[PDB]
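Notes for the one structure printed next.
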Amino acid sequence: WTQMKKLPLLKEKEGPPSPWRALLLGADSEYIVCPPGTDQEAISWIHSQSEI
Amino acid sequence: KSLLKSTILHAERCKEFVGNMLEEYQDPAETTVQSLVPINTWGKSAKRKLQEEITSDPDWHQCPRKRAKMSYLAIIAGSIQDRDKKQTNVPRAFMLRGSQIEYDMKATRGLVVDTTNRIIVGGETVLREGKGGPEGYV
């Protein structure tokens, strides 16, 4: 039977940084403000008043 | 949206629409007007409003804001009038059939928004005041 002094140190993997992978964006999630209305009105406003 | 684009962008079309929609004439878009407005009792009130706004300003069919107000009143006027309930005053804004889309008289919110800089119908800027006139080029 043995007894310990120093708590284990978690080894850190090295290499390229792991990119973001999830269903959505997270903190980088913002929204566009649209005039009051239904979903269709907002979608129409966004599509008709924007260029990509 | 198509009906409002037709009425706003063309003064002659707006005049024809108002004339056919006020005196119960044959309008090529009667079914559209009937299907857009639910059963109500605002017909005669809207027709009367049309009367005051045609008598006071016979030159109305050049300001797009006036065209929008006249088209709104005309669309309400020829709706499916309820047989039983008595006629009431026309509401400032109403609701389209089978949808949560609000149509407004002053066009401050909903399907038509007319700011001093521009008029937007259905989320698309139909009129941009100052640049890009409604009519094309030759």
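Just remember, in the structure tokens the first chain shown is A, the second B, etc., residues are 1-based per chain, and ligands are 1-based in the order shown.
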
As number ranges by chain, could you give me every residue of chain A near chain B (at most 7 Å apart, counting only C-alpha atoms)? A: 36-38, 41, 44-45, 48-49

Could you pull out the alpha helix (DSSP H) residues of chain A from DSSP and send them as JSON, numbers by chain? {"A": [39, 40, 41, 42, 43, 44, 45, 46, 47, 48]}

Can you work out the spacing between atom CA of residue B:20 and atom CA of residue B:134 in Å, to one decimal?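 Answer for the atom CA of residue B:20 to atom CA of residue B:134 separation: 23.6 Å.
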
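Atom CA of residue B:5 lies 22.5 Å from atom CA of residue B:23.
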
So that I can see what lies close to residue B:74, please list as an MDAnalysis selection string the residues with an atom at most 6 Å from it, counting only C-alpha atoms and leaving out residues fewer than 2 positions away in the same chain. chainID B and resid 18 21 71:72 76:77
